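Asks: I am attaching a structure below and will ask some questions about it afterwards.
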Amino acid sequence: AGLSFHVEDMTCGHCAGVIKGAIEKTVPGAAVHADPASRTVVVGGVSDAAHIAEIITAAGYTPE
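For what it's worth, the entry's author numbering labels the leading residue of the sequence shown as 1, then goes sequentially.
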(Lines of atoms letter the chains of each structure in order from A and count residues from 1; the text may use other names and numbers.)
(Lines give C-alpha, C1' and ligand atoms only; values in the text may rest on other atoms or scores of the structure.)
Protein backbone atom coordinates (compact mmCIF):
# COMPACT_ATOMS: atom_id res chain seq x y z
CA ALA A 1 0.00 0.00 0.00
CA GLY A 2 2.44 2.64 -1.20
CA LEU A 3 2.06 5.49 -3.67
CA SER A 4 0.38 5.28 -7.08
CA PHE A 5 0.94 7.56 -10.07
CA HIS A 6 -0.82 7.33 -13.44
CA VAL A 7 1.33 8.62 -16.30
CA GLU A 8 0.02 9.52 -19.75
CA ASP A 9 3.44 9.53 -21.41
CA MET A 10 3.94 5.89 -20.42
CA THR A 11 3.01 3.74 -23.41
CA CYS A 12 5.93 1.31 -23.57
CA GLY A 13 8.80 -0.14 -21.56
CA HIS A 14 11.02 2.72 -22.72
CA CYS A 15 9.04 4.98 -20.39
CA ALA A 16 8.77 2.65 -17.40
CA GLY A 17 12.48 1.89 -17.41
CA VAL A 18 13.54 5.54 -17.36
CA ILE A 19 11.14 6.41 -14.54
CA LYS A 20 12.34 3.47 -12.46
CA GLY A 21 15.95 4.51 -12.97
CA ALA A 22 15.22 8.13 -12.07
CA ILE A 23 13.46 7.16 -8.84
CA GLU A 24 16.09 4.67 -7.70
CA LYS A 25 18.92 7.06 -8.56
CA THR A 26 17.50 10.03 -6.66
CA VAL A 27 15.93 7.94 -3.90
CA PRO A 28 18.10 5.23 -2.29
CA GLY A 29 16.37 1.97 -1.38
CA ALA A 30 13.33 2.90 -3.45
CA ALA A 31 11.03 0.12 -4.66
CA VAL A 32 9.51 0.76 -8.09
CA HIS A 33 6.95 -1.41 -9.85
CA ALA A 34 6.06 0.22 -13.16
CA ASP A 35 3.58 -0.96 -15.80
CA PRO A 36 3.52 0.97 -19.11
CA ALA A 37 0.77 -1.27 -20.47
CA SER A 38 -1.33 -0.07 -17.54
CA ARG A 39 0.38 3.32 -17.79
CA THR A 40 0.69 3.26 -14.00
CA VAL A 41 3.59 3.33 -11.54
CA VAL A 42 3.56 1.81 -8.05
CA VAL A 43 6.06 3.38 -5.66
CA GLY A 44 7.31 2.12 -2.31
CA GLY A 45 8.95 4.02 0.52
CA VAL A 46 10.08 7.34 -0.91
CA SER A 47 10.42 11.04 -0.09
CA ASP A 48 7.40 13.35 -0.03
CA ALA A 49 4.77 12.11 -2.47
CA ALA A 50 4.92 15.56 -4.05
CA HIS A 51 8.68 15.21 -4.52
CA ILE A 52 8.57 11.72 -6.03
CA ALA A 53 5.88 12.91 -8.44
CA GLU A 54 8.32 15.59 -9.57
CA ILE A 55 11.03 12.93 -9.78
CA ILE A 56 8.78 10.87 -12.05
CA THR A 57 8.12 14.01 -14.09
CA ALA A 58 11.87 14.65 -14.08
CA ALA A 59 12.23 11.50 -16.17
CA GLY A 60 10.41 13.32 -18.96
CA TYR A 61 7.32 11.16 -18.56
CA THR A 62 4.37 12.87 -16.88
CA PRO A 63 0.55 13.02 -17.07
CA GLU A 64 0.88 16.80 -16.87
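Idealized CB from N, CA, C, for every residue including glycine.
Out of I56, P63, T62 and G60, point me to the one whose CA is closest to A30's CA.
Replies: Minimum Cα distance to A30 is reached at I56.
Asks: Any idea what DSSP makes of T57, helix, strand or coil?
Replies: Looking at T57 - three-state DSSP - the assignment turns out to be helix.
Asks: If you measure between the beta carbons of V27 and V46, is that distance less than 7 Å?
Replies: For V27 and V46, yes; Cβs fall inside 7 Å.
Asks: Can you say whether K20 is buried or exposed, counting buried as having 16 or more other CB atoms within 10 angstroms of its CB?
Replies: So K20 counts as buried.
Asks: Is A1 helix, strand or coil by DSSP?
Replies: Of the three classes helix, strand and coil, the one that applies to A1 here is coil, per DSSP.
Asks: What would DSSP say about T40, mapped onto helix, strand or coil?
Replies: The answer is strand: DSSP assigns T40 an E or B state.
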